[PDB]
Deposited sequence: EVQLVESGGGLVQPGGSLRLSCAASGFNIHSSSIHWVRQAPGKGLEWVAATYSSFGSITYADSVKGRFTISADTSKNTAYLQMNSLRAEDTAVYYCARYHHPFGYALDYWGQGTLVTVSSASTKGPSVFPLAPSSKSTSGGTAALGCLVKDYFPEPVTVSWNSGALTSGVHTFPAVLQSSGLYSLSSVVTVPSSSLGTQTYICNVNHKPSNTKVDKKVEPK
């Protein structure tokens, strides 16, 4: 109902440009205040920029002033963060957020974040391989290995979201090749291995890759 949804994240070359969108619902951005906050991988939150409709103002953190620009399309109720001259240190998850209503001094609604990777390396879609429940305790494990992709992220679900209990999708690791790899596993009753279909749904939007891999016992 009242929410913020971001889009536009992805891979960009150093010195390149990228525009992020922050789409609002349930209030008009053009009578609100929208802020941008980013988080480099494994780091803390850094405030980036903000508009205030009351003051008619736009303010940028010194770390981005001169390279980042805010605008909005009121007919689409969407705010934009235009990024230019991007640096490796700009790699981060970018959030938009609303100035706290009614009392201020904070940010109440936040978007889900979108990852911007500033790198010269090339996009690569992953291969998806089964992690098969073997034969040789009541519980069995199976999974999918999602190997050799760039950039982050990939998302994994099981049985189109019908299977959530017992799922672990591991954080990706960077291999010495410069490509990411991850696994997603799930534990299930061993008596179910012959009677239930298990499918991992893998998505890598940077390469527009989508894979539904059935994982069969061996």
Discussion item. Missing CA coverage against the deposited sequence, listed in sequence order.
Written reply: 137 to 139
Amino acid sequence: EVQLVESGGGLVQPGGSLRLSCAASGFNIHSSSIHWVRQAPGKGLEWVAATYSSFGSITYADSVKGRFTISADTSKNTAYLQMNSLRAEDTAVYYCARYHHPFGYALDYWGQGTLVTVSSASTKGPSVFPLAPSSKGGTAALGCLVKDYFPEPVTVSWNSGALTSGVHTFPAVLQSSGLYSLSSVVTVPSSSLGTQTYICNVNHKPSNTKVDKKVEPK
From here on, numbers count along this sequence of modelled residues.
Practice prompt. Between 32 to 40 and 184 to 192, point out the one with the higher average CA B-factor as the PDB entry records it.
Written response: 184 to 192
Worksheet item: Looking only at CA atoms, which has the higher mean B factor in the entry: 71 to 79 or 125 to 133?
Response: 125 to 133
Worksheet item: Looking at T117, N84, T114, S120, which has the biggest Cα B factor in the entry?
Response: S120
Worksheet item: Which of these, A162, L45, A172, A50, has its C-alpha atom at the highest B-factor, as the entry lists it?
Response: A162
Worksheet entry | Entry-reported Cα temperature factor of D108, expressed as the chain third it lands in | lowest
Discussion item. Test of reading the entry: by CA B factor among the chain's modelled residues, which third contains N203?
Written reply: middle
Fill in: Lowest, middle or highest third - CA B-factor, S21
lowest
